[PDB]
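>>> sequence plus experimental coordinates follow:
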Amino acid sequence: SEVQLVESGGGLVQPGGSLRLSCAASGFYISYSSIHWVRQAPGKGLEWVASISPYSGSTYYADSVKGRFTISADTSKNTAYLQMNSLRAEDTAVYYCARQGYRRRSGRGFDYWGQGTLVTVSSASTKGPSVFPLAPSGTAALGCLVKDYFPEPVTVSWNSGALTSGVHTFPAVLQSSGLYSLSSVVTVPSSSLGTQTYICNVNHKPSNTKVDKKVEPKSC
Amino acid sequence: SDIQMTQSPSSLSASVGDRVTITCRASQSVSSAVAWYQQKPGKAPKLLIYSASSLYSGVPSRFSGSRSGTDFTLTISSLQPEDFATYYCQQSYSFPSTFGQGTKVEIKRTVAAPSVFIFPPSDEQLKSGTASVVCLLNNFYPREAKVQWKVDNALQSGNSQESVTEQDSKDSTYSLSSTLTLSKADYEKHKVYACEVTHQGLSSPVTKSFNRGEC
RNA sequence: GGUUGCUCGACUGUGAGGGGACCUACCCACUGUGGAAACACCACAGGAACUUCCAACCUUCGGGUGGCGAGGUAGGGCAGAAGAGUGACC
């Protein structure tokens, strides 16, 4: 199927500020479906947010946002919107978009979700990572250290994604600076060390930062 | 007034091939307007049971919903390992709609000891005045593991931070990265840096270590 | 003067279990299914049950058919009837 939902319009926002999330629909028209926004603070749960009813435009809102958020829809653009005003910290979440299924098929289940956009309400400014290499020493391990960035998220691929297997990228933890630091590691057989180039590709879109750090063995 | 969806347990460890039962209890009647979702880390939620017993299109027969009054229960006959995820009940009998606090499910495999390595701070970093020492506990189970940094045989306290992978659903195992961080000056004040792992798969606390400067 | 017919007719009544089912059009509702559909809009089906009725239709006079939103507006119907006429009789 082509059924797809494409959130966008997220990011870092100062407290008290505003934002208009967008959700483009593919492979179905949203005119015949009920459309809901659902948000998830980090490592917390799913919270229902708003929803708009087909044919009537009747809108319903979770009570923690009522009168600061505003769900809505342009049929023609096959796009659903959510205007957030007077934002606060606890508004921080991934904001997901979901199609309520067709009744004859999936009841009031939400049958198609987007991948969610990330909304980061905080007054602290952006700052991209410094990326340091983790030198290795029949297998041993090597990686990159993605240090002191903000906000989430960053992304690591090794060798432009060519090296997918054996890799563990750890979740960012929160440095008491308030910045995020995390590290990525892959294990490889020790033979390849001399002959195999090992680059980690780090992207931090909030800052428009792209780093590629070649990870080589101990120099001596 | 809002309908409360009160789910339990908060969390569930169980063996592959076990039966796992998650229950949600609606503070009011919600007829059969209850839907169950599987959410793996970082992905969207996926629909499992709509209308409280109706198996969604393409969901494996080992899942099933069950209404009994204001009590809804999602039921896996026999875990597969892929079935690692957080599960949520939802009610859409009335607006505002409402979800359970969720239930985090964990695979259960034999013990695996952690592969351990230690990383001394990169030469670029030490130029910039920072010094981070990284210790890796790789592909192990169960996750309950103790790490201890010792600098020149002194136990450290409150300058390391660790983080863990989720359960590699193929692997059903974990990986940990503990990170000692010092000023460059505090780093140049000591020779030996060590990382002491205590894990159930180890019969003896494994220490990987390095000296400052050794090539 | 009565008495009784006949015609016109102000106007009123259509009355709920020891007792109320007349018709139509719009309006307004309630319930349930279905419409790509939790509300809204639309289509359709229905207003507890037991009774009660026949304003309606058919009748071999045995009976039969069809029929309920106790809402509102309007026009009718069926009933009464101030009142006029107008006969017959006494």
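Right, received. Where do you want to start? Numbering: from 1, shown residues only, chains lettered A, B, ... in the order given.
>>> what sits up against the helix or strand hosting residue B:22?
Using DSSP states H and E, residue B:22 maps to strand B:20-26. Strand B:20-26 has contacts (C-beta atoms under 8 Å, 6 or more residues apart in numbering or on different chains) with B:3-9, B:12, B:14, B:34, B:70-76, B:79, B:87, B:89, B:91, B:93, B:100, B:103, B:105. From N, CA and C alone the C-beta is placed, and that goes for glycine too.
>>> just stretch A:200-209 next, same as before
A:11-12, A:126-129, A:131, A:133, A:143-144, A:146, A:149-151, A:153-161, A:184, A:210-213, A:215.
>>> one more: stretch B:76-83?
Residues contacting stretch B:76-83 (C-beta under 8 Å, 6+ apart): B:14-21, B:38, B:62-64, B:105, B:107, B:169-170, B:172.
>>> just the CA trace of that stretch, in PDB.
Below are the C-alpha coordinates for stretch B:76-83, written out as PDB (Å, rounded to 0.1, in the frame of the first residue of the first chain):
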ATOM      1  CA  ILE B  76       0.200 -13.600  23.800                       C
ATOM      2  CA  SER B  77      -0.100 -17.400  23.700                       C
ATOM      3  CA  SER B  78       3.700 -18.000  23.200                       C
ATOM      4  CA  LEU B  79       6.300 -15.300  23.100                       C
ATOM      5  CA  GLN B  80       8.500 -15.000  20.100                       C
ATOM      6  CA  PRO B  81      11.700 -12.900  20.700                       C
ATOM      7  CA  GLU B  82      10.600 -10.200  18.100                       C
ATOM      8  CA  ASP B  83       7.700  -9.500  20.500                       C
END
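>>> so how far is that stretch off the chain centroid?
17 Å (C-alpha atoms, centre = their mean, to the nearest Å).
>>> now it: buried residues?
Neighbour counts over stretch B:76-83 (16 or more other C-beta atoms under 10 Å in any protein chain shown) mark B:76, B:79, B:81, B:83 as buried.
>>> mind listing the helices for chain A?
A:103-106 (DSSP state H).
>>> can you list the domains in it?
For chain A, CATH domains of a matching chain gives the domain ranges A:4-121, A:130-215.
>>> dump the ones you listed to CSV, plus mean neighbour count.
Formatted as CSV, the domains of chain A follow (neighbours: other C-beta atoms under 10 Å in any protein chain shown):
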stretch, mean neighbour count
domain A:4-121, 18
domain A:130-215, 18
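>>> okay, those domains in CSV with distance to residue B:128 next?
Formatted as CSV, the domains of chain A follow (distance: least, C-beta to C-beta, whole Å):
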stretch, distance to residue B:128
domain A:4-121, 25
domain A:130-215, 7
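>>> out of the ones you listed, which comes closest to residue B:112?
The closest of these to residue B:112 is domain A:130-215. By C-beta to C-beta, the value is 14.2 Å.
>>> the strand holding residue B:22 near RNA strand C anywhere?
No. On the criterion C-beta under 7 Å from any atom of the strand, strand B:20-26 is out of touch with RNA strand C, staying 12.9 Å away.
>>> strands paired with that strand, and their directions?
strand B:5-8 (antiparallel), strand B:71-76 (antiparallel) (DSSP bridges).
>>> for that strand, the distance to its chain's centre please.
Strand B:20-26 sits 21 Å away from the centroid of its parent chain (C-alpha atoms, centre = their mean).
>>> quick one: the helix or strand following that strand near RNA strand C?
Downstream of strand B:20-26, the first helix or strand assigned by DSSP H and E is strand B:34-39. No. Judged by C-beta under 7 Å from any atom of the strand, strand B:34-39 stays clear of RNA strand C, getting no closer than 9.6 Å.
>>> hang on, the earlier thing: switch the strands paired with strand B:20-26 over to TSV; also include distance to residue A:90.
Formatted as TSV, the strands paired with strand B:20-26 follow (distance: least, C-beta to C-beta, whole Å):
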stretch	distance to residue A:90
strand B:5-8	20
strand B:71-76	28
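>>> domain ranges for chain B?
Using CATH domains of a matching chain, chain B is parsed into the domains B:5-108, B:115-210.
>>> what's the neighbour count on residue A:127?
Applying other C-beta atoms under 10 Å in any protein chain shown, we find 18 other residues in the vicinity of residue A:127.
>>> pull the contacting residues for the closest residue to it other than its chain neighbours.
Leaving aside its chain neighbours, residue A:127 sits nearest to residue A:150 (5.1 Å; criterion: C-beta to C-beta, 6 or more residues apart in numbering or on different chains). Applying C-beta under 8 Å, 6+ apart to residue A:150 gives the contacts A:124-127, A:178-180, A:206.
>>> show me where chain B has helices.
Using DSSP H, the helices of chain B run over B:123-127, B:184-187.
>>> report all helices and strands that the longest one contacts.
Put plainly, it is helix B:123-127. strand A:130-134 (3 or more C-beta pairs under 8 Å, 6 or more residues apart in numbering or on different chains; DSSP states H and E).
>>> so is the strand it packs on next to chain B?
Yes. Counting by C-beta under 8 Å from any C-beta of the partner chain, chain B has neighbours in strand A:130-134: A:130, A:132-134.
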